[PDB]
Amino acid sequence: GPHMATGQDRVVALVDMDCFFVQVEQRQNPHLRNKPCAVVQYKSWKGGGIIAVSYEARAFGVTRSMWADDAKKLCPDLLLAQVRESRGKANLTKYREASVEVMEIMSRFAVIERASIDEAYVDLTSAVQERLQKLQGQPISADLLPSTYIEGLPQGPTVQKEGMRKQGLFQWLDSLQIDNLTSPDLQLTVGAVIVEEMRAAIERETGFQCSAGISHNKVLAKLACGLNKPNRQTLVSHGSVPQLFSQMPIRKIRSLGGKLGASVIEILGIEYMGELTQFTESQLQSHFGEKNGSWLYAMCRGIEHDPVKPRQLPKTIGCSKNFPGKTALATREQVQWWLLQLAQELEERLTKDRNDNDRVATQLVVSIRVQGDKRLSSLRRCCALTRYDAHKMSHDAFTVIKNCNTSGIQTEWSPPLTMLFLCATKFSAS
DNA sequence: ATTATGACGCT
DNA sequence: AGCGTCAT
Ligand SMILES: Nc1ncnc2c1ncn2[C@H]1C[C@H](O)[C@@H](COP(=O)(O)OP(=O)(O)OP(=O)(O)O)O1
Ligand SMILES: [Ca+2]
Ligand code: NA
């Protein structure tokens with residue numbers, strides 16, 4: 001009853017760029033705009049691997065992970081942009097720099113948590129309170145929410161998409177109590193107004209379009225964001241949760257897309273998030289652990305407490321390359337040449353990071369994969385990172401892995417290496 | 001022969 | 001520490 005928390009204390013948004021790497025390339029090259037197009041890495045093996053796909057191309061069935069040669073079978077007119085190659089490897093700098101553009105704009109509105117290269121969470125609780133003060137009881141016009149969907153509406157007693165959106169929005173606004181500064185639904189609505197403003201600023205100042213979710217926590221905001229893409233935002237209210245979750249496959253919720261989610265389904269014999277409500281917190285903890293059980297018990301009721309962390313910069317800076325099939329590294333000279341290539345890219349990124357961000361990495365992590373292993377990483381070792389010098393870092397990495405070599409011969413490497421990874425970590429202010 | 005990342009949890 | 005899970 002009155003002591004039952006409802007997880008309505010915060011306003012949280014998740015902003016996610018639409019087909020991000022494609023937009024970066026389309027901004028640069030106007031010939032790619034409004035076309036079926038994809039971004040690919042490498043080119044020799046099956047036309048290259050697709051890592052991003054425009055919405056026009058998705059209509060033909062083109063997807064991430066598809067080889068370009070295969071994508072061309074579905075979409076013969078597909079246009080392609082290639083990821084830059086430097087020092088023999090894919091180099092993602094252009095996309096990292098575009099990400100900084102967007103993150104810096106978002107940061108003007110609120111503190112953000114960088115969740116990935118193209119998405120950020122925002123805690124809008126304080127901004128909403130402020131805006132509610134300015135509004136002074138004044139209602140919120142539909143004109144302020146030109147790209148907002150209200151999940152679950154319209155409902156109750158037009159056949160076009162935009163018409164439906166407006167009907168739902170009208171029902172929502174019609175029902176609002178703008179006289180109460182503490183009404184969670186009103187807070188979410190004001191949150192959505194601010195997010196329209198943020199999204200407009202991003203598009204004005206970068207050219208990039210995005211989608212967003214607005215709810216009371218990170219998990220619902222993320223879920224919401226995906227409900228209407230591209231170039232739209234979605235508000236998921238606390239009240240919308242029972243219906244939304246009643247047919248929502250468990251795997252759709254962030255963190256349940258893998259083995260844990262599969263075990264929830266298997267052990268409990270259920271399919272949808274809403275079905276979780278019928279178990280006690282102790283029952284869930286018994287199957288999935290203390291932490292997971294409490295989390296599931298709250299989450300299936302729309303409640304989640306993970307904070308939006310004040311962190312705009314990545315915590316690690318890493319460089320990685322696979323060496324598949326016949327290209328696996330089988331000589332010491334090969335291994336050393338590639339560690340150097342990786343170290344040179346890392347040095348470049350670290351030096352820029354130190355100048356931009358007033359910090360220095362203190363640990364170097366070296367990881368490899370050996371041919372045969374089904375695991376993505378076979379071995380990981382750390383050593384001190386005391387100088388931003390590529391030759392030193394590569395020599396140091398060779399030293400820490402050189403004992404993985406089975407070959408009785410000094411010059412040969414066995415089993416061959418199918419992955420190298422260097423990662424700078426443990427930053428300190430400088 | 002997906003690849004290149006990056007955060008966080010366990011013991 | 002080193003490994004695993006999950007995610008973009
Ligand atoms: N598995 C991956 N491997 C390499 N790069 C990836 C991978 N997944 C995502 N990326 C890169 C390319 C994407 O443009 C960018 C953001 O990913 P993501 O948000 O999942 O999709 P997207 O921005 O391309 O499309 P959407 O409009 O569906 O969000 O990160
Ligand atoms: Ca995206
Ligand atoms: Na994303």
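Computed over heavy atoms, backbone and side chain alike; hydrogens, waters and symmetry mates excluded. Every chain is numbered from 1, with letters handed out A, B, ... down the list of sequences.
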Quote, to the nearest angstrom, the P distance that separates C:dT8 from B:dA1.
-> 25 Å
Quickly work out the A:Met17 CE to C:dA7 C1' distance and round it to whole Å.
-> 19 Å
Heavy atoms under 4.0 Å, any strand shown: does A:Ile117 hit a base, just sugar-phosphate, or nothing?
-> nothing
Would you indicate what A:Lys291 reaches in the nucleic acid, counting non-hydrogen atoms under 4.0 angstrom: base, sugar-phosphate, or nothing?
-> sugar-phosphate
Look at the side-chain N and O atoms of A:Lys46 and state whether any lies under 4.0 Å from the OP1 or OP2 oxygen of B:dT2.
-> no
Any luck finding a side-chain donor-acceptor pair between A:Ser294 and A:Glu281 under 3.5 Å?
-> yes
Contact class for A:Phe20 (heavy atom, under 4.0 Å): base, sugar-phosphate, or nothing?
-> nothing
By nearest-nucleotide position on DNA chain B, the 5'-leaning member of A:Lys321 and A:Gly325 is A:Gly325
Can you check the A:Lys426 NZ to C:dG2 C1' distance for me, whole Å?
-> 12 Å
Using atom CG of A:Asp16 as one end and atom P of C:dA7 as the other, report the distance to the nearest whole Å.
-> 15 Å
Nucleotide nearest A:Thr327 when distance is taken to its side chain, options B:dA4, C:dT8, B:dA1 = B:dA1
On DNA chain B, check which nucleotide each of A:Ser320 and A:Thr316 is closest to and give me the residue with the more 5' one.
-> A:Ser320
Round to the nearest Å and state the distance from A:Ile50 atom CD1 to B:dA1 atom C1'.
-> 15 Å
Would you say A:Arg375 reaches C:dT5's phosphate, i.e. side-chain N/O to OP1/OP2 under 4.0 Å?
-> no
Main-chain N/O of A:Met164 paired to A:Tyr149 side chain as donor or acceptor, under 3.5 Å = no
Looking for any heavy atom pair under 4.0 Å, which part of the strands does A:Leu379 touch: base, sugar-phosphate only, or nothing?
-> sugar-phosphate
Salt-bridge criterion met for A:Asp69 and A:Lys72 (N-O under 4.0 Å) | no
Which part of the nucleic acid, if any, lies within contact of A:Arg251, taking any heavy atom under 4.0 Å across all strands shown: a base, the sugar-phosphate backbone alone, or nothing?
-> nothing
Pair A:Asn228, A:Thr234: side-chain N/O donor-acceptor within cut-off below 3.5 Å | yes
Nearest of B:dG6, B:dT3, C:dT8 to any side-chain atom of A:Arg96?
-> B:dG6
Under 4.0 Å: is that the gap between some side-chain N or O of A:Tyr95 and OP1 or OP2 of B:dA4?
-> no
Using a cut-off of 4.0 Å on non-hydrogen atoms, how would the nucleic acid contact of A:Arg381 be classed: base, sugar-phosphate, or nothing?
-> sugar-phosphate
Between A:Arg114 and B:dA7, is there a side-chain N or O to OP1/OP2 distance below 4.0 Å?
-> no
Toward the 5' end of DNA chain C, which comes first, A:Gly261 or A:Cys382, by nearest nucleotide?
-> A:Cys382
Between C:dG2, B:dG6, C:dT8, spot the one nearest the side chain of A:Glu119, thanks.
-> C:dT8
Steps toward ring pair (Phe, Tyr, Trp, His ring centres under 6.0 Å) verdict (A:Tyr297, A:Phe279) = CA-CA 8 Å; A:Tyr297 182 84; A:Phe279 300 93; over 10 Å; no
From the options B:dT5, C:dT5, B:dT2, select the nucleotide whose nearest atom is closest to the side chain of A:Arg64.
-> B:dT2
Distance in angstrom units between A:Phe288 CZ and C:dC6 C1', rounded | 17 Å
Any A:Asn322 side-chain nitrogen or oxygen under 4.0 Å from OP1 or OP2 of B:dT2 = no
Would you tell me if any nitrogen or oxygen in the side chain of A:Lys315 comes within less than 4.0 Å of OP1 or OP2 on B:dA7?
-> no
Once you round it to whole Å, what is the distance between P of C:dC3 and CG of A:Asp373?
-> 10 Å
When rounded to whole Å, the CZ to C1' distance for the pair A:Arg311 and B:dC8 reads 10 Å
Using atom OH of A:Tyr121 as one end and atom P of B:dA7 as the other, report the distance to the nearest whole Å.
-> 14 Å
Minimum-distance nucleotide to A:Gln41 side chain [options: C:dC3, C:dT8, B:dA4] | B:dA4
Minimal non-hydrogen separation, A:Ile50 against A:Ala71, with atom names = CD1-CB, 3.4 Å
Distance test, side-chain N/O of A:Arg254 to OP1/OP2 of C:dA7, below 4.0 Å | no
Scan A:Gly49 against the nucleic acid and name what it touches under 4.0 Å (heavy atoms): base, sugar-phosphate only, or nothing.
-> nothing
Main-chain N/O of A:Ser147 paired to A:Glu196 side chain as donor or acceptor, under 3.5 Å = yes
Options B:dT2, B:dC8, B:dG6, nucleotide nearest the side-chain atoms of A:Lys309 | B:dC8
